[PDB]
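Note sheet for the following structure.
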Amino acid sequence: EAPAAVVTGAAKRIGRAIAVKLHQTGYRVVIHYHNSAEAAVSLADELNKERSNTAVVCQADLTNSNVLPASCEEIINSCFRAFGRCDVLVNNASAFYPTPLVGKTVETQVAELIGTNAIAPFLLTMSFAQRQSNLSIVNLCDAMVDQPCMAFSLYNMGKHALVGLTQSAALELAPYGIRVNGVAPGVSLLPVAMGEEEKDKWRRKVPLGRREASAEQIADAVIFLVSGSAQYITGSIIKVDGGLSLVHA
Amino acid sequence: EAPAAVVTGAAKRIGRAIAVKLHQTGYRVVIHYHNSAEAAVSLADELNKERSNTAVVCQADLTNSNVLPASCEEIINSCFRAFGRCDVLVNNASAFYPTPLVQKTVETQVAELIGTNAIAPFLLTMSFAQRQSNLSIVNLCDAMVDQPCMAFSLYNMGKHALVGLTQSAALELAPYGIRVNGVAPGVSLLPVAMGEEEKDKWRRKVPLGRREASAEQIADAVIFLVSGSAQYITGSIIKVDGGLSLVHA
Amino acid sequence: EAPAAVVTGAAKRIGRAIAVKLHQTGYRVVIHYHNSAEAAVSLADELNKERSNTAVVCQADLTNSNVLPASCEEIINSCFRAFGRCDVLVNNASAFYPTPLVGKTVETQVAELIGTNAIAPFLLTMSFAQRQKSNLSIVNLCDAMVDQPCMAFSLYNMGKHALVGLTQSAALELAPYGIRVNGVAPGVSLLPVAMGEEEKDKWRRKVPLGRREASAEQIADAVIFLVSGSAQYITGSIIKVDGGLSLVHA
Amino acid sequence: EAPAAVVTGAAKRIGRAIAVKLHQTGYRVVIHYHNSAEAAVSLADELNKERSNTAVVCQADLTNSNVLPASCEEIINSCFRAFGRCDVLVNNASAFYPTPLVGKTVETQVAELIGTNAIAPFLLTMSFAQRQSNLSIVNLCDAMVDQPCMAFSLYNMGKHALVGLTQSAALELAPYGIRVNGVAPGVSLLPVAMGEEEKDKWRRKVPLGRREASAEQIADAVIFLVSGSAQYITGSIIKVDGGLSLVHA
């Protein structure tokens, strides 16, 4: 009987790529989504047409609040309800937007950027662990956290917190046989609303090929970390950035 | 006239040593505190005896909540109301306690640990910057963040987020001439409630002299970073750890 | 036609496991060695028994010297001579022993530890790149514990740090030629056969993930990933394979 | 009696600023140099005019070779011969030039870049420690070593090695009371042969003031690390880079 995985923010883009590649490897998947209901259901439909009763959707807001723990617990519960087990958690969902130091309130900005990128991963990790084979968690990090975009403090804080979670949880969950690792893209699929000229400015900075990573390339590193070929790896973050983080100003 | 500094959690231990040292260097000081009212008032009294009208107290809970932004605005504002300027911010206040992944409600644990260690520092940084010469911010980090204590995930997340804030704010505030740096203790004054035997266990691990840092030694590094001797340093984090972080398991 | 790989220090242990997995994946290999001559020749023999003329050996001392560049060029040359191409270089060979700051001379310690761990990797990378005439890559065997080093191993540690710098520098510089450069950083893997079990257990007990050392094959699995089409966008990265060891405070 | 310091490559630029400031602080100094004999003697003359018998020169090639240990041993001996003691070692001398992977031989390139930047620091460290109040070593590192200049692999290798030495020697020498630390410039005094256009190009990248560090600014951080205000600091590398290393491509 097939293992099962939760992928957060899996309706589109990198999360969908990761859900698809896990499914093709033999996983049943929970496709978490927030606003993208149609895309989520559409993906689950495609996956179920390939193998029946192997995909489900689960809607959750991952903004920080006093109910975020309940929400995270429910996402994990959804995997146990559909599949009877939960082998892999992929923390992919991420809010990303500028929060200049010098319109959402600042309260909202902190709640969304810290909640999605860091607090929700921690609460999902807690629920995943409490409910417990090749068990692992993969966190989607950011290769450029030490050379950040100007005016993105809250986003940067959240991704650095996520690094701290990866290490702390790797350490504490190791005795339970749960590995915890990260994949850190540089530039991968560009924002939908980004103009082509602005996309090319990013592409030209990448040493390896002057192009963004495909979603599938990101997913490839996720698949490695969840596989038997990574059974000794925990607390590691693999950059998948085409050399981008190595380029000086 | 004399420059002014806000020091958070400045009633006792390291924050106290920082407040004293800045005051001895010629700063007027706001001593922020949460529960230690008697100690804070007592410190202001002692400093004011040295030089009249140079120390005040400001009480605030730095727990994350929808009122935290207003609280942080108020702290900065207290420095302006007392001293008519605010030249230095020291983010020292910190909650610290275990938050096991497998085990106060979880939402309280999040609010306290992430609020004090990261979100309060971000909001203070915003309030400080907006209100704006040798301007700088010093964040109290942690030298052991990459080799964390077992079961301290939320604390570790908060301190990693603080590293992210230090970098992101250094970059963003550099055009305004505000420097942003960190000081990362290893083992300094041990928890008052920790037994002498457990304290000795940590002391024994420290290569440089088999002892913890004094609060004064931590304050020394803060003083350097705020000084004109650090005029070109921003985005740097100075460990003050006696070599502890270099020691393998 | 099959690709070809050079693996340094490939006679035994992790270098051996790397050569074997590459060979199992379809690579032709050069097994470089220094003192383990019988093990190197027998390994290549067992590989050639599996598939004819798919393995050669090349002996070289990788101590720093004025002849080291020539040796390194010859190692790369031996891959082109045998197989007509060189797709993969694995810098695996390593000297490891204490060099306290406070039976070899210091100049010998410098030459062996900096030579094998850093200078020879640089010189091999140079010859590798220059000889290029679809998936080219270099993998450098780093060390997960380089920021929490063993007492009295300054030269070793300096060599492994330099190796980090080479991985980054060569990744940036070689990216325009489509050559990826990455690292694998073991924590504790195969401990010396001769180390007492009670000593081995001291190390094993410190590892979070299973209180055991990595197998050689576990280390090789990461190299195999980095050289594969699943890692085509990865360059300049160093994957720790340490079971959480570098996370553990003193 | 006044303490004594060895500064390598001290005839010009940053090493000169370091020797000057150490001298202004009360230290007697050994001004090591390789080719700059006139500039070295001129500097010794200025310092001895200020305080007689407080400065000496010592010539040495720091290229790697089988006699480099003897040369490093002699530099340390020259401090004992002039001053009767050796309290501080500043590893400042550095060769810097491109060594592309694709008129010096490669053997020479290796010997010069790895010897000056790494092996000579190790051998000086060894001799410093073997001949042994407030003892310390300060290594001049490089803030940009993780985002290196294209075609500078040997230089980068040497500076990364120097980080490893800083850590390993801090750990090993701590029991003897010798601290070991680093200062990592970003862009400071720009090279002798660089056009105005190219100087401005680098200046423009620096967040904090769009200018390079002064030699004195670099020296200020060295002074801090050897001072009594740094007595618990060992194994630390302080970036002095005006935020340069924080800037993405």
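Order as written gives the chain letters A, B, C and D; numbering starts at 1 within each chain.
In the analysis below, contacts are C-beta pairs under 8 Å (C-beta built on N, C-alpha and C of every residue); 3 or more make two chains touch, one makes a residue touch a chain.
Chain labels with UniProt names: A, B, C, D = Pteridine reductase.
Averaging Cα coordinates per chain places chain A (Pteridine reductase) and chain C (Pteridine reductase) 32 Å apart.
Chain B (Pteridine reductase) and chain C (Pteridine reductase) have Cα centroids separated by 44 Å. Counting partner chains per residue, chain D (Pteridine reductase) shows two or more touched chains at residues 146, 148, 167, 171, 245-247.
If touching chains are joined by edges, the resulting network of the protein chains shown connects every chain directly with every other. Two chains count as a pair here when they touch; such pairs are A-B, A-C, A-D, B-C, B-D, C-D. Only residues 64, 66, 68-69, 100-102, 105-107, 110, 114, 118-119, 122-123, 125-126, 129-130, 145-146, 148, 150-154, 156-165, 167-169, 171-173, 176 of chain B (Pteridine reductase) touch chain A (Pteridine reductase) when the two sit together in their complex. Put simply, chain A (Pteridine reductase) touches chain C (Pteridine reductase) in their complex at residues 167, 170-171, 174-175, 177, 179, 207-209, 213-214, 217, 220-221, 223-224, 229-236, 238-243, 245-247. By the touch rule above, chain A (Pteridine reductase) contacts chain D (Pteridine reductase) in their complex via residues 144, 146-149, 205, 244-249.
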